[PDB]
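Colleague: Structure file data-v2.cif (mmCIF, C-alpha atoms) right here:
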```cif
data_entry
#
loop_
_atom_site.label_atom_id
_atom_site.label_comp_id
_atom_site.auth_asym_id
_atom_site.auth_seq_id
_atom_site.Cartn_x
_atom_site.Cartn_y
_atom_site.Cartn_z
CA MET A 217 25.91 -8.59 -6.70
CA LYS A 218 24.54 -10.09 -9.94
CA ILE A 219 20.78 -10.25 -9.75
CA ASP A 220 18.19 -10.64 -12.53
CA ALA A 221 15.16 -10.94 -10.32
CA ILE A 222 12.85 -8.43 -8.64
CA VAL A 223 14.40 -5.70 -6.63
CA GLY A 224 12.63 -2.90 -4.80
CA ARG A 225 11.48 -3.20 -1.23
CA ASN A 226 9.14 -1.22 0.88
CA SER A 227 9.83 -1.48 4.54
CA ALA A 228 8.19 -0.46 7.76
CA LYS A 229 9.54 -0.63 11.24
CA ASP A 230 6.60 0.06 13.54
CA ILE A 231 2.92 0.53 12.81
CA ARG A 232 0.27 1.48 15.27
CA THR A 233 -3.28 1.71 14.12
CA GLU A 234 -5.82 2.89 16.66
CA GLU A 235 -9.50 3.64 16.46
CA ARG A 236 -11.40 2.88 13.22
CA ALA A 237 -8.08 2.48 11.56
CA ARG A 238 -7.48 0.41 8.53
CA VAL A 239 -4.06 -0.44 7.34
CA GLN A 240 -2.84 -2.15 4.34
CA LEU A 241 0.65 -3.35 4.63
CA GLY A 242 2.22 -4.80 1.56
CA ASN A 243 0.72 -4.46 -1.87
CA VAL A 244 -2.65 -3.77 -3.48
CA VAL A 245 -3.17 -4.40 -7.16
CA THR A 246 -6.39 -3.35 -8.77
CA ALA A 247 -7.38 -5.51 -11.83
CA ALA A 248 -7.44 -2.63 -14.26
CA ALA A 249 -3.97 -1.33 -13.33
CA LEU A 250 -1.79 -4.30 -14.09
CA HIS A 251 -2.43 -7.88 -15.03
CA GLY A 252 0.64 -9.94 -15.85
CA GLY A 253 2.44 -9.42 -19.14
CA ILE A 254 5.99 -8.19 -19.44
CA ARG A 255 5.51 -5.80 -16.62
CA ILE A 256 7.78 -4.12 -14.12
CA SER A 257 10.09 -6.26 -11.97
CA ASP A 258 11.84 -3.33 -10.46
CA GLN A 259 10.34 -0.84 -8.05
CA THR A 260 11.24 2.05 -5.86
CA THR A 261 12.42 1.28 -2.40
CA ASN A 262 10.73 3.07 0.48
CA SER A 263 11.41 2.59 4.14
CA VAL A 264 9.55 4.03 7.10
CA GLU A 265 10.16 3.66 10.75
CA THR A 266 7.18 4.45 12.88
CA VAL A 267 3.72 5.12 11.55
CA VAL A 268 0.66 5.68 13.69
CA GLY A 269 -2.96 6.22 12.71
CA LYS A 270 -5.36 7.71 15.09
CA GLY A 271 -9.07 8.17 14.64
CA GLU A 272 -10.65 6.79 11.45
CA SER A 273 -7.32 6.75 9.69
CA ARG A 274 -6.61 4.95 6.45
CA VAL A 275 -3.00 4.00 5.99
CA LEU A 276 -1.41 2.03 3.25
CA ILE A 277 2.12 1.01 3.66
CA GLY A 278 3.31 -0.53 0.49
CA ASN A 279 2.46 -0.37 -3.13
CA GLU A 280 -0.92 0.54 -4.54
CA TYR A 281 -1.52 -0.12 -8.15
CA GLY A 282 -4.52 1.44 -9.63
CA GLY A 283 -5.56 3.62 -6.76
CA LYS A 284 -8.90 1.92 -6.15
CA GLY A 285 -7.77 -0.90 -4.00
CA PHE A 286 -7.36 0.45 -0.52
CA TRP A 287 -8.76 3.94 -0.92
CA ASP A 288 -11.98 5.17 -2.40
CA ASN A 289 -14.62 7.83 -1.92
CA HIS A 290 -17.96 6.13 -1.19
CA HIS A 291 -19.12 2.73 -2.34
CA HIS A 292 -21.46 -0.05 -1.31
CA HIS A 293 -19.99 -1.30 1.90
CA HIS A 294 -22.33 -4.15 2.64
CA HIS A 295 -20.19 -5.80 5.24
CA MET B 217 15.56 -6.80 -13.83
CA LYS B 218 19.32 -7.44 -14.41
CA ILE B 219 20.35 -4.12 -13.00
CA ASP B 220 22.43 -4.84 -9.96
CA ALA B 221 20.75 -2.90 -7.14
CA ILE B 222 18.20 -0.12 -7.43
CA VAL B 223 19.27 3.24 -6.27
CA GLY B 224 16.62 5.67 -5.17
CA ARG B 225 15.02 5.29 -1.82
CA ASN B 226 12.37 7.15 -0.05
CA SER B 227 12.56 7.11 3.66
CA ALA B 228 10.28 8.26 6.40
CA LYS B 229 11.16 8.40 10.03
CA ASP B 230 7.94 9.27 11.84
CA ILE B 231 4.39 9.43 10.56
CA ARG B 232 1.35 10.41 12.43
CA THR B 233 -1.97 10.60 10.81
CA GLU B 234 -4.75 11.98 12.94
CA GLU B 235 -8.41 12.53 12.29
CA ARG B 236 -9.85 11.22 8.96
CA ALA B 237 -6.39 11.23 7.53
CA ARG B 238 -5.27 9.11 4.64
CA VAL B 239 -1.68 8.19 4.07
CA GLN B 240 0.06 6.36 1.40
CA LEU B 241 3.47 5.19 2.32
CA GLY B 242 5.20 3.46 -0.49
CA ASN B 243 4.76 3.69 -4.17
CA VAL B 244 1.64 4.20 -6.20
CA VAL B 245 1.47 3.32 -9.81
CA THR B 246 -1.45 4.32 -11.90
CA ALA B 247 -2.12 2.03 -14.93
CA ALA B 248 -1.46 4.76 -17.43
CA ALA B 249 1.92 5.55 -15.91
CA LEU B 250 3.66 2.14 -15.94
CA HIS B 251 2.63 -1.18 -17.44
CA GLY B 252 5.57 -2.53 -19.38
CA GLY B 253 8.27 -0.54 -17.64
CA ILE B 254 10.51 -3.56 -17.28
CA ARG B 255 13.59 -1.75 -15.79
CA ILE B 256 13.62 1.13 -13.32
CA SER B 257 16.68 1.13 -11.17
CA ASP B 258 17.61 4.79 -10.86
CA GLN B 259 15.09 7.00 -9.16
CA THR B 260 14.89 9.97 -6.80
CA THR B 261 16.01 9.53 -3.21
CA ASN B 262 13.93 11.43 -0.62
CA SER B 263 14.13 11.21 3.15
CA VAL B 264 11.79 12.87 5.59
CA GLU B 265 11.75 12.74 9.34
CA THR B 266 8.44 13.50 10.90
CA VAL B 267 5.21 14.06 9.06
CA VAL B 268 1.92 14.68 10.75
CA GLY B 269 -1.55 14.95 9.29
CA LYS B 270 -4.24 16.51 11.25
CA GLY B 271 -7.85 16.80 10.25
CA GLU B 272 -8.90 15.11 7.02
CA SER B 273 -5.39 15.25 5.60
CA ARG B 274 -4.06 13.43 2.54
CA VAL B 275 -0.42 12.56 2.70
CA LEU B 276 1.64 10.49 0.31
CA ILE B 277 5.07 9.55 1.38
CA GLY B 278 6.83 7.86 -1.46
CA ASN B 279 6.52 7.89 -5.18
CA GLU B 280 3.35 8.60 -7.10
CA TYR B 281 3.32 7.57 -10.69
CA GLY B 282 0.62 8.91 -12.82
CA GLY B 283 -0.49 11.47 -10.31
CA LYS B 284 -3.77 9.78 -10.16
CA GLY B 285 -3.23 6.93 -7.76
CA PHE B 286 -3.41 8.34 -4.26
CA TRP B 287 -4.66 11.69 -5.19
CA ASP B 288 -7.49 10.49 -7.26
CA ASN B 289 -9.43 13.63 -7.91
CA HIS B 290 -13.20 13.92 -7.64
CA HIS B 291 -14.05 11.61 -10.53
CA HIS B 292 -16.93 9.80 -8.96
CA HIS B 293 -19.53 12.29 -7.71
CA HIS B 294 -22.23 9.78 -8.56
CA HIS B 295 -21.15 7.62 -5.67
CA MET C 217 17.22 -16.68 -15.71
CA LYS C 218 16.35 -20.01 -14.11
CA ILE C 219 14.19 -19.38 -11.11
CA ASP C 220 11.90 -21.51 -9.11
CA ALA C 221 12.20 -19.47 -5.98
CA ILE C 222 10.39 -16.20 -6.40
CA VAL C 223 11.88 -13.05 -5.18
CA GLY C 224 9.40 -10.82 -3.48
CA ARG C 225 8.73 -11.43 0.17
CA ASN C 226 6.36 -9.76 2.53
CA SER C 227 7.73 -10.10 5.99
CA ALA C 228 6.44 -9.20 9.41
CA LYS C 229 8.11 -9.70 12.74
CA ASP C 230 5.52 -8.96 15.37
CA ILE C 231 1.79 -8.35 15.15
CA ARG C 232 -0.59 -7.41 17.91
CA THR C 233 -4.26 -7.16 17.23
CA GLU C 234 -6.63 -6.36 20.03
CA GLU C 235 -10.32 -5.72 20.42
CA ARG C 236 -12.37 -6.71 17.33
CA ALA C 237 -9.28 -6.33 15.19
CA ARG C 238 -8.79 -8.51 12.19
CA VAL C 239 -5.56 -9.34 10.51
CA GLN C 240 -4.85 -10.98 7.28
CA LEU C 241 -1.36 -12.33 7.03
CA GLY C 242 -0.13 -13.53 3.67
CA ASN C 243 -1.77 -12.90 0.34
CA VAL C 244 -5.33 -12.22 -0.69
CA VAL C 245 -6.20 -12.83 -4.25
CA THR C 246 -9.58 -11.87 -5.53
CA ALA C 247 -10.76 -13.58 -8.76
CA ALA C 248 -11.16 -10.29 -10.61
CA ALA C 249 -7.52 -9.12 -10.42
CA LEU C 250 -6.08 -12.46 -11.46
CA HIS C 251 -7.36 -15.95 -11.00
CA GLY C 252 -4.49 -18.36 -10.81
CA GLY C 253 -1.45 -16.35 -11.54
CA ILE C 254 -0.72 -15.30 -15.12
CA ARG C 255 2.91 -14.26 -14.84
CA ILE C 256 4.16 -12.64 -11.74
CA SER C 257 2.15 -9.46 -12.06
CA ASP C 258 3.37 -8.33 -8.70
CA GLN C 259 5.86 -9.64 -6.22
CA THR C 260 6.92 -6.45 -4.57
CA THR C 261 8.76 -7.10 -1.35
CA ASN C 262 7.62 -5.42 1.84
CA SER C 263 9.04 -5.93 5.29
CA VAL C 264 7.61 -4.70 8.57
CA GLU C 265 8.79 -5.33 12.08
CA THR C 266 6.05 -4.61 14.55
CA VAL C 267 2.45 -3.82 13.80
CA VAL C 268 -0.25 -3.25 16.38
CA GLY C 269 -3.89 -2.56 15.82
CA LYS C 270 -6.17 -1.77 18.65
CA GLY C 271 -9.88 -1.19 18.58
CA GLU C 272 -11.92 -2.73 15.76
CA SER C 273 -8.95 -2.29 13.48
CA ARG C 274 -8.30 -3.82 10.10
CA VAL C 275 -4.81 -4.80 9.22
CA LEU C 276 -3.67 -6.67 6.18
CA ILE C 277 -0.12 -7.75 6.03
CA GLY C 278 0.75 -8.96 2.59
CA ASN C 279 -0.55 -8.51 -0.90
CA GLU C 280 -4.20 -7.83 -1.76
CA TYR C 281 -5.21 -8.33 -5.32
CA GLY C 282 -8.52 -6.99 -6.30
CA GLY C 283 -9.24 -5.01 -3.19
CA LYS C 284 -12.29 -7.11 -2.50
CA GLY C 285 -10.69 -9.78 -0.41
CA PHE C 286 -10.00 -8.61 3.11
CA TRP C 287 -11.85 -5.36 2.83
CA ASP C 288 -14.16 -3.66 0.44
CA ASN C 289 -14.68 -0.03 -0.31
CA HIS C 290 -16.03 2.24 2.44
CA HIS C 291 -17.82 5.47 3.31
CA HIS C 292 -15.25 8.00 4.36
CA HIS C 293 -15.72 11.70 4.90
CA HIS C 294 -13.55 13.18 2.19
CA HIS C 295 -11.64 11.24 -0.36
#
```
Reformat the file's structure so that it appears as structure tokens.
Modeller:
Amino acid sequence: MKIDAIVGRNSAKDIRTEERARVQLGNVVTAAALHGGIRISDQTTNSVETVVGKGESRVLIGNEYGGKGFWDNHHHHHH
Amino acid sequence: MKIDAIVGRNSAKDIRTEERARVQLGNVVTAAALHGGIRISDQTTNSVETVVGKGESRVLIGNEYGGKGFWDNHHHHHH
Amino acid sequence: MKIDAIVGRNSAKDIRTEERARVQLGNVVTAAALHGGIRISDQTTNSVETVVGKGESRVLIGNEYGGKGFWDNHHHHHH
């Protein structure tokens, strides 16, 4: 009670990634989407229990700003 | 911000993504949708139990702002 | 109001990475998204209990700015 800071949590209980699975847990901010300023300091709270990815799965648990950070179509993957 | 507690949670119980599936669990904000939205403490509350994606599925569990973040349409065919 | 302690934690309880799996725990800042801060652009709080990746898996637990740090963009069948 009585807060002036950031509020809005995303939570996960269990995560299982198997086989060619990539998971981003937390936050991804693309440059274009948001860079400082008097931006948001309040976000929607999401909470998941168990999440499993099987077979080339891409899973992002958290907040993606922009929509080019974790997911994409086809780029120059050189590593 | 100074709003005491944000109300509006999304909750997921079980998630299974199988086979080339992509899942966004959380909140996606496109740039266009929210830059200087410095106060959002009353949103929609959605709870789901089990969600399964099978075979090249896109699934977003959470909030999508802009409608362009996770479900980025075919914008880059040149890639 | 008067803050020195930032509110916005990414927490993890247990992590298991096996077989060519790589995990980034903390924060990954690429130069492009922001260099050395510039406000708190993002400090969204995420909390996960147990996360397991098995089999050449990529798991990032925390915040990725830029999307060029721990991973880069890939070649996936269907966007």
Colleague: Given the choices A:237, A:244, A:250, A:256, which gets closest to residue 272 in chain C if the distance is worked out from all atoms listed in the file?
Modeller: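 When distances to residue 272 in chain C are compared using all atoms listed in the file, the smallest one comes from A:237.
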Colleague: Please tell me which residues are no farther than 7 Å from (-7.3, 12.8, 6.0) in the file, counting all atoms listed in the file, and write them as a PyMOL selection string.
Modeller: chain B and resi 235-238+269+271-274
Colleague: Select residues of chain C: the criterion is any atom within 7 Å of an atom of chain A, counting all atoms listed in the file; output as an MDAnalysis selection string.
Modeller: chainID C and resid 217 223:224 226 248:250 254:257 260:283 288:292 294:295
Colleague: First superpose chain C onto chain B using a least-squares fit over all Cα atoms taken in order; then report the RMSD in Å.
Modeller: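 Once chain C is fitted onto chain B, the C-alpha RMSD works out to 4.9 Å.
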Colleague: Around range 217-232 of chain A, fit a box with edges along x, y and z, padding it by 6 Å on each side, then list its centre and edge lengths in Å to one decimal as AutoDock Vina command-line options.
Modeller:
```
--center_x 13.1 --center_y -4.7 --center_z 1.4 --size_x 37.6 --size_y 24.4 --size_z 39.8
```
